[PDB]
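Working notes, structure below.
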2 protein chains.
Amino acid sequence: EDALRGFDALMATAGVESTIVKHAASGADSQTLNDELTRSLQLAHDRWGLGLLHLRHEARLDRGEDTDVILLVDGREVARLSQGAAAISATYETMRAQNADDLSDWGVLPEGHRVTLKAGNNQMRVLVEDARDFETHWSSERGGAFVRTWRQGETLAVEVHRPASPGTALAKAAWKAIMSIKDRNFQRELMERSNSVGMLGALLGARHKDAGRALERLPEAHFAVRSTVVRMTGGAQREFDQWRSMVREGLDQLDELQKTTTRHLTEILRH
Amino acid sequence: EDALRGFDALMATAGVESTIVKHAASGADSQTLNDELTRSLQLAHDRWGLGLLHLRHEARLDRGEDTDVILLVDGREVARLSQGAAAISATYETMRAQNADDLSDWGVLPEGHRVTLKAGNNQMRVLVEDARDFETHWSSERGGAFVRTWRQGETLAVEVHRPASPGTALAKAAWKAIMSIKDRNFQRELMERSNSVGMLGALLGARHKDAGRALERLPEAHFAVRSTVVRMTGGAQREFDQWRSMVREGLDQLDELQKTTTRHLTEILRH
């Protein structure tokens with residue numbers, strides 16, 4: 001029964017408007033349900049930013065009962081939702097790798113000479129206009145963000161991410177939930193307790209918890225949103241102006257989405 | 001040597017523009033220096049809101065060396081600044097008393113039938129217009145504030161305070177100082193540490209402290225600003241409209257001042 005809501009909560013960690021409950025009860029074709037799951041999962045991963053973009057993430061339904069949702073990588077069974085979110089997180093963590101900096105060391109395209117951008121400006125104009133495949137190293141974009149870009153065939157793509165952590169997501173949403181209390185005496189008491197237990201600790205103590213009893217069961221606890229990817233397949237792929245436009249779009253979507261998730265997080269913080 | 005700066009820091013806990021260093025080095029008359037100290041201290045106390053308005057707070061300089069500043073109550077020596085701020089705080093705490101609620105139980109005027117306002121509207125119009133002395137119980141003002149008022153002779157006065165604590169002051173200023181870092185990686189690291197040590201703990205760890213080494217020495221650690229009093233002696237004392245005006249003024253000053261102290265606090269948080 002409960003697999004549908006699990007997956008929806010998972011997706012909800014990112015701006016993923018899953019409608020699986022509106023089709024699972026509609027008798028939708030199993031292959032179309034799986035297809036939609038998979039597209040949702042892939043988008044989810046673009047948002048989470050694990051640097052696992054080099055993999056095929058697929059999602060399936062089970063044939064037996066109690067019907068669960070299988071997470072697969074490259075057609076191999078990896079996880080199931082019934083394992084709880086934390087296990088899925090650790091599973092994905094064993095897959096991710098980081099370089100000398102706190103950044104993904106992987107790269108998207110099959111291995112082999114990722115572009116050492118170094119410096120320069122017309123550096124990439126050549127690549128957008130006159131190049132088959134390539135992928136850049138990370139660009140240390142000054143605006144508090146890191147970005148890289150690649151193209152595969154007729155598809156051009158850019159990703160942007162800020163180094164984040166569910167803990168920063170929770171600090172923001174928890175402080176914001178404390179500010180939204182609108183009960184200065186109770187708020188005062190909780191702020192006073194935050195001095196020793198942090199924002200989250202105080203908020204947990206307010207709801208008759210010992211160490212986040214329901215917290216560990218909920219997804220948002222780990223793998224917050226920290227990245228986004230903009231891609232286009234189509235004539236404009238080499239326009240370059242389109243490329244700056246993608247970058248702008250990506251920054252805008254990153255900021256909007258992480259603020260949106262803090263909004264939803266803060267919301268559930270007060271229930 | 002160091003007494004001047006101590007007192008100035010003390011006063012700085014509230015919007016008290018002490019200039020004692022500009023007169024102690026000017027050879028100002030000792031009685032005028034003491035007088036100014038005393039007026040400053042009394043204002044400070046109006047701001048802090050200990051419900052000790054029934055006392056005479058006076059401040060003196062010492063004749064010997066190393067010349068210190070004496071805090072007196074009703075002409076008796078109570079504390080000296082060289083004792084550090086925390087001791088002064090505990091001293092004042094032994095003096096304060098709270099009723100069934102987290103409010104001062106004392107009242108301003110000599111004891112005896114503080115006005116049980118209860119309900120009613122023309123309740124007080126009589127008192128402003130046609131009454132010698134009186135003082136109300138606390139009014140549970142809906143706007144997240146508690147207020148009471150009294151008159152002594154030709155002087156009419158109102159106080160307003162919000163129940164506060166230096167810890168709430170520090171939570172606000174610390175979160176605000178974290179947001180003012182403008183270094184998303186370092187900020188991220190400190191936010192992550194806040195999860196277990198609170199905002200203040202993280203900020204202390206960033207400055208090579210174990211438990212706020214210099215923190216305990218600085219005043220702002222305790223007795224934050226939580227109250228303000230507006231008083232007038234003069235014809236308008238019975239105008240009543242003037243009374244609403246005082247109330248408005250008091251709320252405005254309370255909000256402005258506590259925000260100002262959070263500003264200055266946050267400022268020193270990043271040094």
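Following the order of the structure tokens, chains are lettered A, B, ..., residues in each are numbered from 1, and ligands are numbered from 1.
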
(message) Let's see if you can do this: from backbone DSSP, list all alpha helix (DSSP H) residues in region 99-229 of chain A, as a ChimeraX atom specification.
(response) /A:122-129,166-179,184-206

Taking N, CA and C atoms for each residue, export the selection above as a compact mmCIF listing (two decimals), in the first residue's frame.
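Written output follows (selection_11.txt):
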# COMPACT_ATOMS: atom_id res chain seq x y z
N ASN A 122 37.31 33.17 -24.95
CA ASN A 122 36.96 32.44 -26.16
C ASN A 122 37.34 30.98 -26.09
N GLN A 123 37.88 30.55 -24.94
CA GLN A 123 38.07 29.13 -24.64
C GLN A 123 36.90 28.26 -25.08
N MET A 124 35.68 28.61 -24.67
CA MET A 124 34.56 27.73 -24.92
C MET A 124 33.76 28.10 -26.15
N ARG A 125 33.82 29.36 -26.57
CA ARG A 125 33.07 29.74 -27.76
C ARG A 125 33.38 28.79 -28.92
N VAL A 126 34.64 28.38 -29.04
CA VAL A 126 35.01 27.35 -30.01
C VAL A 126 34.21 26.08 -29.79
N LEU A 127 34.01 25.70 -28.53
CA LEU A 127 33.43 24.39 -28.25
C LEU A 127 31.94 24.38 -28.55
N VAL A 128 31.23 25.43 -28.16
CA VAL A 128 29.82 25.51 -28.49
C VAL A 128 29.63 25.57 -29.99
N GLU A 129 30.44 26.38 -30.66
CA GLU A 129 30.23 26.51 -32.09
C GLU A 129 30.75 25.32 -32.87
N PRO A 166 21.82 18.41 3.67
CA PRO A 166 20.50 18.45 4.35
C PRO A 166 20.53 19.19 5.66
N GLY A 167 21.66 19.19 6.35
CA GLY A 167 21.77 19.91 7.61
C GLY A 167 21.66 21.41 7.44
N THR A 168 22.25 21.96 6.38
CA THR A 168 22.04 23.38 6.12
C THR A 168 20.59 23.65 5.74
N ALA A 169 19.99 22.75 4.95
CA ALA A 169 18.58 22.86 4.60
C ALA A 169 17.72 22.91 5.85
N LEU A 170 18.08 22.08 6.83
CA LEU A 170 17.27 21.99 8.03
C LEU A 170 17.52 23.17 8.96
N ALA A 171 18.76 23.64 9.06
CA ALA A 171 19.03 24.85 9.83
C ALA A 171 18.19 26.02 9.32
N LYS A 172 18.21 26.26 8.01
CA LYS A 172 17.39 27.33 7.44
C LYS A 172 15.91 27.11 7.75
N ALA A 173 15.38 25.93 7.38
CA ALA A 173 13.95 25.72 7.54
C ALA A 173 13.52 25.76 9.00
N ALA A 174 14.38 25.29 9.91
CA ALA A 174 14.08 25.28 11.33
C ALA A 174 14.09 26.67 11.93
N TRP A 175 15.12 27.46 11.65
CA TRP A 175 15.09 28.85 12.08
C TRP A 175 13.86 29.55 11.52
N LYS A 176 13.55 29.31 10.24
CA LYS A 176 12.37 29.94 9.65
C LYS A 176 11.08 29.44 10.30
N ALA A 177 11.03 28.17 10.69
CA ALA A 177 9.84 27.65 11.35
C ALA A 177 9.70 28.22 12.75
N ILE A 178 10.82 28.45 13.43
CA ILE A 178 10.78 29.12 14.72
C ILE A 178 10.26 30.54 14.57
N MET A 179 10.67 31.22 13.51
CA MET A 179 10.23 32.60 13.32
C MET A 179 8.75 32.67 12.95
N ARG A 184 5.21 34.54 21.00
CA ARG A 184 6.53 35.02 21.43
C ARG A 184 7.00 34.35 22.73
N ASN A 185 6.07 33.88 23.57
CA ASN A 185 6.48 33.23 24.81
C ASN A 185 7.00 31.82 24.55
N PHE A 186 6.21 31.01 23.83
CA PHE A 186 6.64 29.68 23.42
C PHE A 186 7.89 29.75 22.54
N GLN A 187 7.87 30.64 21.55
CA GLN A 187 9.05 30.90 20.74
C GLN A 187 10.26 31.24 21.60
N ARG A 188 10.08 32.12 22.58
CA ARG A 188 11.18 32.48 23.46
C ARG A 188 11.74 31.23 24.15
N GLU A 189 10.84 30.39 24.66
CA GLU A 189 11.28 29.17 25.36
C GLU A 189 12.09 28.27 24.43
N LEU A 190 11.63 28.10 23.19
CA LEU A 190 12.33 27.23 22.25
C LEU A 190 13.67 27.81 21.82
N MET A 191 13.74 29.12 21.60
CA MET A 191 15.00 29.78 21.27
C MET A 191 16.00 29.60 22.39
N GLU A 192 15.52 29.70 23.63
CA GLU A 192 16.40 29.47 24.77
C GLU A 192 16.94 28.05 24.78
N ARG A 193 16.10 27.07 24.46
CA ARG A 193 16.59 25.69 24.39
C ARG A 193 17.54 25.45 23.21
N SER A 194 17.37 26.20 22.12
CA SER A 194 18.26 26.05 20.96
C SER A 194 19.70 26.28 21.35
N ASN A 195 19.94 27.10 22.38
CA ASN A 195 21.29 27.41 22.81
C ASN A 195 22.11 26.16 23.04
N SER A 196 21.47 25.09 23.51
CA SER A 196 22.17 23.84 23.78
C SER A 196 21.85 22.72 22.79
N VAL A 197 20.68 22.73 22.14
CA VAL A 197 20.34 21.60 21.27
C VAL A 197 20.24 21.98 19.79
N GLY A 198 20.57 23.19 19.40
CA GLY A 198 20.30 23.58 18.03
C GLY A 198 18.82 23.77 17.73
N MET A 199 18.55 24.40 16.59
CA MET A 199 17.20 24.76 16.18
C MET A 199 16.35 23.52 16.07
N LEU A 200 16.93 22.53 15.40
CA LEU A 200 16.20 21.30 15.15
C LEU A 200 15.90 20.58 16.45
N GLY A 201 16.89 20.48 17.33
CA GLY A 201 16.66 19.85 18.62
C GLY A 201 15.51 20.48 19.38
N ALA A 202 15.52 21.82 19.47
CA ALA A 202 14.41 22.50 20.13
C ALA A 202 13.08 22.14 19.48
N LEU A 203 13.04 22.20 18.15
CA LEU A 203 11.78 21.94 17.45
C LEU A 203 11.31 20.51 17.66
N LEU A 204 12.25 19.57 17.77
CA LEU A 204 11.89 18.19 18.04
C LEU A 204 11.32 18.05 19.45
N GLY A 205 11.99 18.66 20.43
CA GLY A 205 11.49 18.61 21.79
C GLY A 205 10.10 19.19 21.93
N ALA A 206 9.75 20.17 21.09
CA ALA A 206 8.41 20.74 21.14
C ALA A 206 7.33 19.75 20.71

(request) For residue 87 (chain A), please output as a ChimeraX atom specification all residues within 12 Å (counting only C-alpha atoms; exclusion window: fewer than 5 positions along the same chain). (result) /A:78-82,92-94,216-219,221-223

Quick one: write out the picked residues with N, CA, C and O atoms as a JSON list (two decimals), in the first residue's frame?
[["chain", "number", "residue", "atom", "x", "y", "z"],
["A", 78, "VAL", "N", 19.22, -1.91, -7.40],
["A", 78, "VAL", "CA", 20.10, -1.21, -6.44],
["A", 78, "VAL", "C", 19.42, -1.10, -5.09],
["A", 78, "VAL", "O", 19.97, -1.57, -4.07],
["A", 79, "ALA", "N", 18.26, -0.48, -5.02],
["A", 79, "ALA", "CA", 17.57, -0.28, -3.76],
["A", 79, "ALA", "C", 16.08, -0.47, -3.98],
["A", 79, "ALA", "O", 15.61, -0.60, -5.11],
["A", 80, "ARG", "N", 15.34, -0.53, -2.89],
["A", 80, "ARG", "CA", 13.89, -0.48, -2.91],
["A", 80, "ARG", "C", 13.45, 0.56, -1.90],
["A", 80, "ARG", "O", 14.17, 0.83, -0.93],
["A", 81, "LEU", "N", 12.28, 1.16, -2.12],
["A", 81, "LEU", "CA", 11.83, 2.24, -1.26],
["A", 81, "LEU", "C", 11.52, 1.77, 0.16],
["A", 81, "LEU", "O", 11.72, 2.52, 1.12],
["A", 82, "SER", "N", 11.02, 0.54, 0.30],
["A", 82, "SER", "CA", 10.71, -0.02, 1.61],
["A", 82, "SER", "C", 11.89, -0.03, 2.56],
["A", 82, "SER", "O", 11.70, -0.27, 3.76],
["A", 92, "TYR", "N", 23.55, 5.41, -2.13],
["A", 92, "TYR", "CA", 24.03, 6.39, -3.10],
["A", 92, "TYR", "C", 25.36, 6.99, -2.68],
["A", 92, "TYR", "O", 26.17, 7.37, -3.52],
["A", 93, "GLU", "N", 25.61, 7.08, -1.38],
["A", 93, "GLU", "CA", 26.87, 7.68, -0.95],
["A", 93, "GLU", "C", 28.05, 6.82, -1.35],
["A", 93, "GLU", "O", 29.10, 7.33, -1.75],
["A", 94, "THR", "N", 27.89, 5.50, -1.27],
["A", 94, "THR", "CA", 28.98, 4.62, -1.67],
["A", 94, "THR", "C", 29.33, 4.82, -3.14],
["A", 94, "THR", "O", 30.43, 4.45, -3.57],
["A", 216, "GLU", "N", 13.73, 10.45, 11.27],
["A", 216, "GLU", "CA", 14.58, 9.53, 10.55],
["A", 216, "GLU", "C", 13.84, 8.85, 9.41],
["A", 216, "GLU", "O", 14.43, 8.54, 8.37],
["A", 217, "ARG", "N", 12.53, 8.65, 9.57],
["A", 217, "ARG", "CA", 11.70, 8.05, 8.54],
["A", 217, "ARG", "C", 11.43, 9.00, 7.38],
["A", 217, "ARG", "O", 11.05, 8.54, 6.30],
["A", 218, "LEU", "N", 11.63, 10.30, 7.56],
["A", 218, "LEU", "CA", 11.24, 11.14, 6.44],
["A", 218, "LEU", "C", 12.44, 11.49, 5.56],
["A", 218, "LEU", "O", 13.54, 11.72, 6.08],
["A", 219, "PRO", "N", 12.18, 11.53, 4.25],
["A", 219, "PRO", "CA", 13.27, 11.76, 3.30],
["A", 219, "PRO", "C", 14.05, 13.03, 3.56],
["A", 219, "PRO", "O", 15.27, 12.98, 3.70],
["A", 221, "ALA", "N", 15.30, 14.59, 5.54],
["A", 221, "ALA", "CA", 16.40, 14.54, 6.49],
["A", 221, "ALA", "C", 17.76, 14.49, 5.81],
["A", 221, "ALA", "O", 18.74, 15.01, 6.34],
["A", 222, "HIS", "N", 17.84, 13.87, 4.64],
["A", 222, "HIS", "CA", 19.10, 13.70, 3.92],
["A", 222, "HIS", "C", 18.89, 13.89, 2.42],
["A", 222, "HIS", "O", 17.76, 13.90, 1.92],
["A", 223, "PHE", "N", 20.01, 14.06, 1.73],
["A", 223, "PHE", "CA", 20.08, 14.46, 0.32],
["A", 223, "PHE", "C", 19.09, 15.59, -0.01],
["A", 223, "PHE", "O", 18.10, 15.44, -0.71]]

(request) Have a look at CA of residue 70 (chain B) and CA of residue 58 (chain B) and let me know their distance in Å, one decimal. (result)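 Between these atoms lies a distance of 8.3 Å.
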
(request) For each of B:270, B:231, B:96, B:39, take the minimum atom-to-atom distance to residue 243 (chain B), counting only C-alpha atoms, then give the residue where this is smallest. (result)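 Among the listed residues, the smallest separation from residue 243 (chain B) belongs to B:231.
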
(message) Using only C-alpha atoms, which protein or nucleic acid residues come within 12 Å of residue 98 (chain A)? Drop anything in the same chain fewer than 6 positions from it, and give the result as a list in words.
(response) residues 49, 50, 51, 52, 104, 105, 106, 107 and 163 of chain A

(message) Given only C-alpha atoms as the basis, pick out the residue of B:211, B:181, B:145, B:224 nearest to residue 89 (chain B).
(response) B:224

(request) Per DSSP on the backbone, filter region 142-177 of chain B down to the residues in strand (DSSP E or B) and report them as number ranges by chain. (result) B: 146-152, 155-161

(message) Rounded to one decimal, what separation in Å do you get between CA of residue 68 (chain A) and CA of residue 35 (chain A)?
(response) 15.6 Å

Distance table requested - region 184-238 of chain B against region 150-160 of chain B, cut-off 12 Å, only C-alpha atoms: one row per qualifying residue with the closest atom pair and its distance in Å to one decimal, ordered by chain and rising residue number, as CSV.
residue,atom,partner,partner_atom,distance
B:225,CA,B:160,CA,11.5
B:226,CA,B:160,CA,8.5
B:227,CA,B:160,CA,5.5
B:228,CA,B:159,CA,5.6
B:229,CA,B:159,CA,4.1
B:230,CA,B:158,CA,5.4
B:231,CA,B:157,CA,4.0
B:232,CA,B:156,CA,5.5
B:233,CA,B:155,CA,4.3
B:234,CA,B:154,CA,6.8
B:235,CA,B:154,CA,8.4
B:236,CA,B:156,CA,9.5
B:237,CA,B:156,CA,6.0
B:238,CA,B:156,CA,8.3

Could the residues in this selection be written to a file with N, CA, C and O atoms, as an mmCIF file, in the first residue's frame?
data_model
loop_
_atom_site.group_PDB
_atom_site.id
_atom_site.type_symbol
_atom_site.label_atom_id
_atom_site.label_comp_id
_atom_site.auth_asym_id
_atom_site.auth_seq_id
_atom_site.Cartn_x
_atom_site.Cartn_y
_atom_site.Cartn_z
ATOM 1 N N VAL B 225 18.395 43.902 26.567
ATOM 2 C CA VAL B 225 17.336 44.905 26.617
ATOM 3 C C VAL B 225 15.976 44.263 26.371
ATOM 4 O O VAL B 225 15.777 43.547 25.384
ATOM 5 N N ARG B 226 15.016 44.543 27.247
ATOM 6 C CA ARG B 226 13.689 43.985 27.044
ATOM 7 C C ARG B 226 12.553 44.948 27.362
ATOM 8 O O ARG B 226 11.397 44.575 27.151
ATOM 9 N N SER B 227 12.831 46.164 27.852
ATOM 10 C CA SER B 227 11.794 47.098 28.288
ATOM 11 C C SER B 227 12.192 48.531 27.980
ATOM 12 O O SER B 227 13.363 48.843 27.773
ATOM 13 N N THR B 228 11.197 49.417 28.023
ATOM 14 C CA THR B 228 11.420 50.857 27.907
ATOM 15 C C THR B 228 10.310 51.593 28.642
ATOM 16 O O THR B 228 9.182 51.104 28.774
ATOM 17 N N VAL B 229 10.644 52.794 29.106
ATOM 18 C CA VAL B 229 9.701 53.632 29.833
ATOM 19 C C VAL B 229 9.651 55.016 29.205
ATOM 20 O O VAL B 229 10.680 55.602 28.850
ATOM 21 N N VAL B 230 8.440 55.528 29.052
ATOM 22 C CA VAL B 230 8.203 56.883 28.584
ATOM 23 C C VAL B 230 7.523 57.636 29.707
ATOM 24 O O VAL B 230 6.550 57.150 30.293
ATOM 25 N N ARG B 231 8.050 58.803 30.020
ATOM 26 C CA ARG B 231 7.523 59.581 31.118
ATOM 27 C C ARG B 231 7.449 61.036 30.693
ATOM 28 O O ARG B 231 8.239 61.503 29.868
ATOM 29 N N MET B 232 6.447 61.726 31.219
ATOM 30 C CA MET B 232 6.335 63.162 31.065
ATOM 31 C C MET B 232 5.862 63.810 32.345
ATOM 32 O O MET B 232 4.952 63.322 33.006
ATOM 33 N N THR B 233 6.515 64.918 32.667
ATOM 34 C CA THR B 233 6.138 65.825 33.739
ATOM 35 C C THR B 233 5.800 67.145 33.080
ATOM 36 O O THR B 233 6.670 67.773 32.472
ATOM 37 N N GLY B 234 4.548 67.559 33.170
ATOM 38 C CA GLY B 234 4.146 68.740 32.440
ATOM 39 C C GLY B 234 2.679 68.683 32.104
ATOM 40 O O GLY B 234 2.057 67.621 32.118
ATOM 41 N N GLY B 235 2.146 69.861 31.786
ATOM 42 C CA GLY B 235 0.719 70.058 31.633
ATOM 43 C C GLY B 235 0.012 68.929 30.930
ATOM 44 O O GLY B 235 -1.017 68.433 31.390
ATOM 45 N N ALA B 236 0.595 68.477 29.830
ATOM 46 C CA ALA B 236 -0.030 67.423 29.050
ATOM 47 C C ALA B 236 -0.214 66.132 29.841
ATOM 48 O O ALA B 236 -0.817 65.195 29.325
ATOM 49 N N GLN B 237 0.276 66.066 31.079
ATOM 50 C CA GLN B 237 0.253 64.841 31.869
ATOM 51 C C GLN B 237 -1.128 64.206 31.971
ATOM 52 O O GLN B 237 -1.233 62.988 32.136
ATOM 53 N N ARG B 238 -2.196 65.000 31.901
ATOM 54 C CA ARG B 238 -3.550 64.469 32.023
ATOM 55 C C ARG B 238 -4.330 64.491 30.716
ATOM 56 O O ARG B 238 -5.544 64.264 30.731
#

(request) With a distance cut-off of 8 Å and only C-alpha atoms, select the neighbouring residues of residue 136 (chain A), excluding the residue or stretch itself and same-chain residues fewer than 6 positions from it, and output the selection as a ChimeraX atom specification. (result) /A:114-117,148-150

(message) I'd like the contact shell of residue 66 (chain A) - 10 Å cut-off, only C-alpha atoms, skipping same-chain residues fewer than 2 positions apart - returned as a PyMOL selection string.
(response) chain A and resi 1-3+62-64+68-69+82

Please produce a file of the residues just selected, as an mmCIF file, in the first residue's frame, where the atoms kept are N, CA, C and O atoms.
data_model
loop_
_atom_site.group_PDB
_atom_site.id
_atom_site.type_symbol
_atom_site.label_atom_id
_atom_site.label_comp_id
_atom_site.auth_asym_id
_atom_site.auth_seq_id
_atom_site.Cartn_x
_atom_site.Cartn_y
_atom_site.Cartn_z
ATOM 1 N N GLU A 1 0.824 -1.196 0.000
ATOM 2 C CA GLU A 1 0.000 0.000 0.000
ATOM 3 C C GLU A 1 0.867 1.258 0.000
ATOM 4 O O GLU A 1 0.700 2.145 -0.839
ATOM 5 N N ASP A 2 1.810 1.304 0.941
ATOM 6 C CA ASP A 2 2.505 2.530 1.322
ATOM 7 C C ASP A 2 3.628 2.941 0.372
ATOM 8 O O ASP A 2 4.232 3.998 0.589
ATOM 9 N N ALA A 3 3.927 2.152 -0.663
ATOM 10 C CA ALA A 3 5.064 2.476 -1.522
ATOM 11 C C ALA A 3 4.838 3.775 -2.289
ATOM 12 O O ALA A 3 5.772 4.575 -2.464
ATOM 13 N N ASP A 62 6.929 -3.374 -8.459
ATOM 14 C CA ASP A 62 7.030 -4.806 -8.243
ATOM 15 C C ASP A 62 5.769 -5.512 -8.729
ATOM 16 O O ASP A 62 4.685 -4.930 -8.818
ATOM 17 N N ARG A 63 5.925 -6.793 -9.044
ATOM 18 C CA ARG A 63 4.807 -7.634 -9.446
ATOM 19 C C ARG A 63 4.113 -8.303 -8.266
ATOM 20 O O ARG A 63 2.892 -8.490 -8.301
ATOM 21 N N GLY A 64 4.857 -8.651 -7.218
ATOM 22 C CA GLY A 64 4.287 -9.244 -6.030
ATOM 23 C C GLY A 64 3.744 -8.197 -5.075
ATOM 24 O O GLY A 64 3.598 -7.020 -5.402
ATOM 25 N N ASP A 68 6.201 -2.825 -4.070
ATOM 26 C CA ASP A 68 7.189 -1.801 -3.774
ATOM 27 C C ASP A 68 7.759 -1.246 -5.069
ATOM 28 O O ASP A 68 7.495 -1.759 -6.158
ATOM 29 N N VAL A 69 8.551 -0.186 -4.936
ATOM 30 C CA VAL A 69 9.196 0.474 -6.068
ATOM 31 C C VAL A 69 10.686 0.192 -6.016
ATOM 32 O O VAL A 69 11.344 0.468 -5.008
ATOM 33 N N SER A 82 11.023 0.544 0.303
ATOM 34 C CA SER A 82 10.706 -0.018 1.610
ATOM 35 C C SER A 82 11.892 -0.034 2.562
ATOM 36 O O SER A 82 11.702 -0.271 3.764
#
